[PDB]
């Protein structure tokens, strides 16, 4: 959607389905080289890659459970081995995991939610950072980190979702620290967050352009530390 995305090396965690996949398809159309990721390879992964290549981009799939640091390191290393560097990281791995009210929150549930939603983002960003910085140094422009937030990161998680909302609030805040200390490395950090004034739920296609906007130096070069909610007024 932006001319300066052509050839950009874009790693998108949690892109085997949903918003992540929709976003990956848009980047490929823009001519980007896209790292697809999930815990397991989709059965139709070859078709998806073929389509992304037909659309004028490139794609490769990487399997990993990003709940551990070693998996985050391996994903980054595999992606760089394939495409030679990183221009854009999209942290979209994560999710609800399950729903448990406070009296039912044990260690196993806590660890599941916190590792899936926070450790994944912190460690993947950590390992991607030197690559993102090197890319920005080489181009004289900016590299981009975009993490997926939630409306719950603003006003709290729903039933059984206390930890999920708070985990997303964590991400909103840690990005502020990353802005303060890594703007000097040429990396911009922004967040997209996929009763309702619009009277309907949003689609995956409606969440995707915002990711490309935040990824494009042309579009958003002076924009960092932002949280863009896509919620039809919710």
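Positions refer to the first chain, counted from 1.
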Absent coordinates between residue 194 and residue 195 - deposited residues affected, binned into four classes:
10 or more
Averaging only over Cα atoms, indicate whether 212 to 220 or 18 to 26 has the higher B-factor in the PDB entry.
18 to 26
Higher avg CA temperature factor (121 to 129 vs 88 to 96, as deposited) belongs to 88 to 96
C-alpha B-factor winner, where the candidates are 58, 205, 180, 185:
205
Maximum C-alpha temperature factor per the entry, among 112, 76, 152, 145, belongs to which one?
152
For residue 62, the third of its chain by CA B-factor is the middle
So where's residue 168 on the chain's Cα temperature factor ranking, which third?
middle
Within this chain's modelled residues, let me know which third the CA B factor of residue 42 belongs to: lowest, middle or highest.
highest
So where's residue 53 on the chain's Cα temperature factor ranking, which third?
middle
